[PDB]
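Below you'll find only one chain, the form deposited in one PDB entry, shown as structure tokens.
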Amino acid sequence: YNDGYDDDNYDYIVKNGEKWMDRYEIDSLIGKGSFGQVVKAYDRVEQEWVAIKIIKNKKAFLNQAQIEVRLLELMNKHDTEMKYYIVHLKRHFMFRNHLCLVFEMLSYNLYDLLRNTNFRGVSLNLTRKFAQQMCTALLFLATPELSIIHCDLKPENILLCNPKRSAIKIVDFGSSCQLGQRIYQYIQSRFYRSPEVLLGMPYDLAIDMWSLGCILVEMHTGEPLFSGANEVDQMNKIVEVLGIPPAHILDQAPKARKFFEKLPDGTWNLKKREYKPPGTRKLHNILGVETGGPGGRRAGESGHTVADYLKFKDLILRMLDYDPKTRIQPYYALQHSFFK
């Protein structure tokens, strides 16, 4: 496999202290993923640490990473402070047959952050700071000349800039596309996948807002909102909280029938009892609004009033609107009372 540089599944065998191109000193392997690896390297020229994403030596992955590179380079031509919620690509090169993207070095992701709390949740104040930054990143991506859909927003793809501070960035535009250049129907990580993607419908930037809504509840409860083992189970778990989707969407959905059944009179139902009846698992209770927050652990904390939890719940319900046409958009999200 590539003269002993690659392995049988196309990864570079990382070796600590290897120097690439009289420039990058590889320190260590920090992450392994389905598309490649990330290594910590020191760049001698710029005298700084960088994270180098080493992609697979196979054409399919190389072809998708070239779009990623293209999207990151496109984003870097906008001077707006908003692009700073997106990880920065410093450069890219080919090395021993792997495409390599050099990124700024960031700290750990928000799943790892919940892990510090033993999955009890970060506070509402921190959740709100994350929410404002993500809404701003989504606003940036919705810039008409970008119109970028991330397509895989989840806690693992949001990284803290530093362990002791609350600034975050979005990483991994490896499944991303621009509006009108869609390619795959099976997208988004399952917990964070929108109904539109589940029902096989056309989709747009709103799918990222759905992911963000699921993410923000999880950051505060410590637990995924909708933890499906598969699509049917995923849909049923969405239905426990938000009810049966509207008829007008179901009538247009190509895969309605994977999850639902349409009676001769038009009205739609779940296929023919493990799940709670539809709409009976209220976010009001999942968040513990009047019962002291998640697990009643935020009873008496500043910033965690019934009023606050009511603003948070509201914003989330607007992010989890079944209709992509009316689902809250970043510009309006940023004006919601939760952020006042």
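We number the residues from 1 along the sequence you see. Rigid core: the largest C-alpha set superposing within 1.5 Å between the two forms.
Omitted from view is the form deposited in another entry, to which the following refers.
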*Please name the single residue among 145, 81, 251, 261 whose Cα shifts by at least 2 Å between the shown form and the other one after core superposition.*
81
*asked:* Rigid core superposed, CA of residue 129 - does it shift 2 Å or more between the shown form and the other one?
replied: no
_Threshold 2 Å Cα movement between the shown form and the other one for residue 326, core superposed_ = no
*asked:* Please determine whether the C-alpha atom of residue 183 is displaced by 2 Å or more between the shown form and the other one following superposition on the rigid core.
replied: yes
*Once you compare with this form, do the C-alpha atoms of residue 140 and residue 84 lie closer or farther in the other form, given a change of 3 Å or more?*
closer
*Have a look at residue 179 and residue 83: in the other form, are their Cα atoms closer together or farther apart than in this form, given the change is 3 Å or more?*
farther
